[PDB]
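# Close look at the chain arrangement
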Amino acid sequence: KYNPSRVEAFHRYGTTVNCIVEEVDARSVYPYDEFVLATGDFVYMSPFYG
Amino acid sequence: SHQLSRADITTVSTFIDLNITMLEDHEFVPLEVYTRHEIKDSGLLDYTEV
């Protein structure tokens, strides 16, 4: 994590970006209009949409 | 005249026949429609794993 350099008696802001890629297993149930990922995040679209 | 073996003369049966056969031994195997693991896997999300 990037934190701002110390300057006495100041409020300082610091930004950090971490680009993350993951492989997850997604599960869907009948009638297969939604599927949820391994992280507990739903995706509201049929797995077979195209 | 002569001697004769017992088998030389035809025999009529004076016994009434009664036929009984035993019940065959049978084995019952463990058989379930759904196991514990399949029922647990039926859920879409598991709080513990997530």
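Position numbers follow the written sequence of each chain, starting from 1, instead of the entry's numbering, which may differ; residues with no coordinates are not represented. By the order in which they are written, chains take letters starting at A while ligands take numbers starting at 1. These chains belong to a larger assembly; the values given apply solely to the chains on display. Note that the side-chain values use all heavy atoms of the structure and ignore hydrogens as well as water.

cryo-EM is the method the PDB entry lists for this structure, together with a resolution of 3.44 Å.

Here we take up the interface of chain B and chain A. The contact criterion used throughout is that any non-hydrogen atoms of two residues lie within 4.5 Å. The interface of chain B with chain A comprises five residues on the first partner and nine residues on the second. By buried area we mean the combined loss of accessible area, with a 1.4 Å probe, across both parts when two parts are placed together. Taking both sides of the interface into account, the surface hidden between chain B and chain A amounts to around 550 Å²; carbon and sulfur atoms contribute 64%. The salt bridge definition used is simple: a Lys or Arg side-chain nitrogen within 4 Å of an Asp or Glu carboxyl oxygen. For the pair chain B and chain A, the interface holds one salt bridge. Between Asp41 of chain B and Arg27 of chain A there is a salt bridge; the shortest N-O distance is 2.8 Å.

Residues enter a patch when their relative accessible area is above 30% and they make no salt bridge; the linking distance is 9 Å between like charges and 5 Å between nonpolar side chains (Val, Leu, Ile, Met, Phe, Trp, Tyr). Surface accessibility in these figures is a Shrake-Rupley result with a 1.4 Å probe; residues are shielded only by whichever protein chains are displayed. Judged by side-chain polarity, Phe42 and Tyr44 of chain A together with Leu45 and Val50 of chain B come together as a nonpolar surface patch covering roughly 420 Å² of accessible area. Topologically, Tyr44 of chain A is positioned in the segment after strand 3 (42-43). The classification of residues rests on relative accessible area computed with a 1.4 Å probe and restricted to protein chains. Under 20% of the type maximum is buried, over 50% is exposed, and intermediate values are partly exposed. Classification of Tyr44 of chain A as exposed rests on a relative accessible area of 63%. Only DSSP runs of H or I covering at least 4 residues are called helices, and only runs of E covering at least 2 are called strands; the numbering of each starts at the N terminus.

What follows covers the sheet that holds strand 1 (residues 27-28) of chain A. Strand pairing in a sheet relies on backbone hydrogen bonds. The paired strands run either parallel or antiparallel. Spatially, the three strands line up as an open sheet ordered 1-2-3 (chain A), and their pairing is antiparallel. Each edge of the sheet is formed by a strand with only one pairing partner; in this case those strands are strand 1 and strand 3 of chain A. Any two strands between which DSSP finds at least two bridges are classified as paired.

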